[PDB]
Amino acid sequence: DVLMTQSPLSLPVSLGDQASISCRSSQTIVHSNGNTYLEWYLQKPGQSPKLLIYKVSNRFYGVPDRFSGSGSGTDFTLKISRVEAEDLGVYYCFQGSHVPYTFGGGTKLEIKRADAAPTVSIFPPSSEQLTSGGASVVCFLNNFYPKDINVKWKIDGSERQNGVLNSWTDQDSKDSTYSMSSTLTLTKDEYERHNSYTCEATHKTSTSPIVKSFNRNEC
Amino acid sequence: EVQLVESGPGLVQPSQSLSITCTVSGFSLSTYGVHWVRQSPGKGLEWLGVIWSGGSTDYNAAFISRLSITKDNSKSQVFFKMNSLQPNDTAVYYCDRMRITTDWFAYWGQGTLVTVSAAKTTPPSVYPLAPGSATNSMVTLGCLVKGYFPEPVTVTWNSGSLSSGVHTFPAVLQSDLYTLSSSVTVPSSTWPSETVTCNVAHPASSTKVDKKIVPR
Ligand SMILES: *[C@@H]1O[C@H](CO)[C@@H](O)[C@H](O)[C@H]1NC(C)=O
Ligand SMILES: [Cl-]
Ligand code: NI
Ligand code: NI
């Protein structure tokens, strides 16, 4: 199979600026018939992908002239000349030249904004859940930028990896920030055997982590 | 004047097969190929296969052993059939025209979400997330929605009237059931006097639950 290597994975831009997305193929994708079936697709959240560019450089019906595809051989480029709000989403290259046909890994086109630290909130398990024999500790990390963040859980000073589930929102349409939930699920027995619970967020905005914690005995 | 409509099951038991019908309009299957693509949750697009105007097929190498595409030219139908589905075949499956040659019929199906699971219909447990003892202008509250199947649930706050400063996170699998949370940030100048209530609906179980968030 022809591997399509698409970079960058993520591409922050301000509205009005130009975006450039690269697609490299592991071999040439010129067909025997002389055509190069290199296609660019845009997929928005909850929608089917839509064709923008076909045969390397031809705009599909309805596609604005701000979208321009170029390249040849093994190196291809999509340029969006003055990025608008309707252009945000994930871009994929596709080769239809040699079976099996293959997609690039995608490029998320997103809004560049000022770096913002997360607002971190930690929640002990509710009395209602505890009554049921479960114990979930929830941490929200809200309205931060950029999206890159690392969250560590510590229980009595020791990092926990088992039973942590993370979920991330898409970039917010209003303020262009990202949010995240991190949830540690334990048995009630496990929960009651430890004292200190900490959600620790390391983000670009501070060299020191944001540390939110509670002590079970202080509840 | 061009669309592709899909019919298939939303839920498949592990080890059972998946059949999807793609019904095309605005172009002829006797002249154009139709492709199948899927997208696993939070992953990129993967090409699965194609059925060409003349009836021959090509497949992604990882699916040759269990995928077959067929069609009916006169009825504008294309049939996707895949065997031995496992949980990691959960995906949105698309039929579409791509590898555009002489035409402008590059349209996609709306896609068929297929979940592969042995789980039974299970309503969520809903737990309030209220501030632990620990005072700026805003307070963050939430609801934890745990242990439901299938997707989706819908979460609103104060019956939809509180929409600003809500983040409802995508659901994740915990064993074979789904969990999510929703956070809402509200002014400390109005809470708790002005009440805040998450409303959780799970249509599959006909569950509608209200959880009022009160101070601990
Ligand atoms: C994941 O996919 C592989 C084939 O790539 C399959 O053998 C395995 O059973 C699948 N596992 C689950 C848990 O779905
Ligand atoms: Cl064709
Ligand atoms: Ni321990
Ligand atoms: Ni406490």
Side-chain angles (χ1 to χ4, degrees), chain A residues 1 31-33 35 37 39 51 54-55 60 94-99 101 135 137 153-164 184-198 215-216, chain B residues 2 4 11-18 22 24 26-36 38 40-43 46-67 69 71 73 76 78 82-91 95-108 114-119 172-177:
Chain A
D1 66 343
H31 191 282
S32 292
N33 70 20
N35 293 121
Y37 293 97
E39 287 173 2
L51 181 65
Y54 68 98
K55 281 206 306 180
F60 189 62
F94 173 78
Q95 72 83 20
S97 289
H98 305 303
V99 302
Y101 303 140
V137 190
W153 284 91
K154 301 199 295 201
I155 305 171
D156 298 332
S158 193
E159 293 200 318
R160 167 90 176 196
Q161 319 203 40
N162 186 294
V164 174
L184 167 60
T185 289
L186 304 172
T187 61
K188 187 194 185 165
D189 296 337
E190 287 158 3
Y191 178 65
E192 294 185 320
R193 274 184 180 272
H194 306 82
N195 297 331
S196 172
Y197 294 88
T198 301
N215 190 301
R216 228 187 82 257
Chain B
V2 188
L4 298 85
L11 184 52
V12 173
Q13 304 298 308
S15 297
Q16 302 303 304
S17 64
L18 166 55
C22 180
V24 161
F27 71 94
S28 170
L29 298 178
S30 305
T31 310
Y32 299 104
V34 165
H35 302 239
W36 293 83
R38 75 178 190 185
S40 302
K43 296 197 163 47
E46 179 160 39
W47 186 89
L48 301 179
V50 58
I51 186 160
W52 296 110
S53 61
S56 64
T57 56
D58 295 287
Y59 305 106
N60 175 317
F63 295 82
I64 184 57
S65 76
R66 65 193 183 115
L67 178 55
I69 301 160
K71 63 172 175 167
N73 285 326
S76 301
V78 181
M82 193 166 79
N83 296 319
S84 299
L85 269 79
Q86 303 308 141
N88 59 19
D89 295 306
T90 294
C95 61
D96 64 280
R97 172 137 186 78
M98 61 197 323
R99 187 199 183 258
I100 297 308
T101 63
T102 50
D103 63 310
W104 264 10
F105 301 131
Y107 292 94
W108 284 61
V114 176
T115 298
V116 185
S117 177
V172 297
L173 224 33
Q174 198 165 34
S175 74
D176 72 334
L177 307 169

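So that the names make sense, note that chain A is the first sequence line, chain B the second, and so on, each numbered from 1. First listed ligand is number 1; within each ligand, the first listed atom is number 1. These numbers come from the heavy atoms of this one structure, side chains and all, not from hydrogens, waters or symmetry mates.
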Visitor: Can B/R99 be said to sit on top of A/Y37's aromatic six-ring, NZ or CZ under 6.0 Å from centre and within 45° of the ring axis?
Guide: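 Positive - B/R99 is close enough to the ring of A/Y37 and near enough to its axis.
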Visitor: Check this for me: does any side-chain nitrogen of one of B/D89 and B/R66 sit under 4.0 Å from a carboxylate oxygen of the other?
Guide: yes
Visitor: So, does A/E190 use its side chain to make a donor-acceptor pair with the main chain of A/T187 at under 3.5 Å?
Guide: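 Present.
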Visitor: Who are the salt bridge (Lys or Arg N to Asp or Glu O under 4.0 Å) partners of A/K188, not counting sequence neighbours?
Guide: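 Counting only residues at least two positions away or on another chain, A/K188 forms no salt bridge (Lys or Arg N to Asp or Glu O under 4.0 Å).
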Visitor: Check the orientation of A/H31 and A/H98. Use parallel for under 30°, tilted for 30 to 60°, and perpendicular for over 60°.
Guide: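 Aromatic pair A/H31/A/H98 classed parallel.
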Visitor: What count do you get for protein N, O or S atoms closer to the Ni ion (ligand 3) than 2.8 Å?
Guide: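 Protein heteroatoms (N, O, S) closer than 2.8 Å to the Ni ion (ligand 3) number 1.
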Visitor: Begin from the C-alpha positions of B/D96 and B/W36 and carry the test side chain to side chain donor-acceptor pair (under 3.5 Å) through to its verdict.
Guide: CA-CA 6 Å; B/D96 64 280; B/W36 293 83; over 6 Å; no
Visitor: Is B/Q86 reaching over with its side chain to a backbone N or O of B/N88, donor-acceptor style, under 3.5 angstrom?
Guide: no
Visitor: Under the rule for salt bridge (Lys or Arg N to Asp or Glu O under 4.0 Å), what residues qualify as partners of B/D176, not counting sequence neighbours?
Guide: none
Visitor: Near ligand 1, which protein residues have a heavy atom under 4.0 Å away?
Guide: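 Those residues closer than 4.0 Å to ligand 1 by some heavy atom are B/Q86, B/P87, B/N88.
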Visitor: Donor-acceptor pair, B/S40 side chain versus B/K43 backbone, under 3.5 Å?
Guide: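 Not confirmed, B/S40 side chain does not pair with B/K43 backbone.
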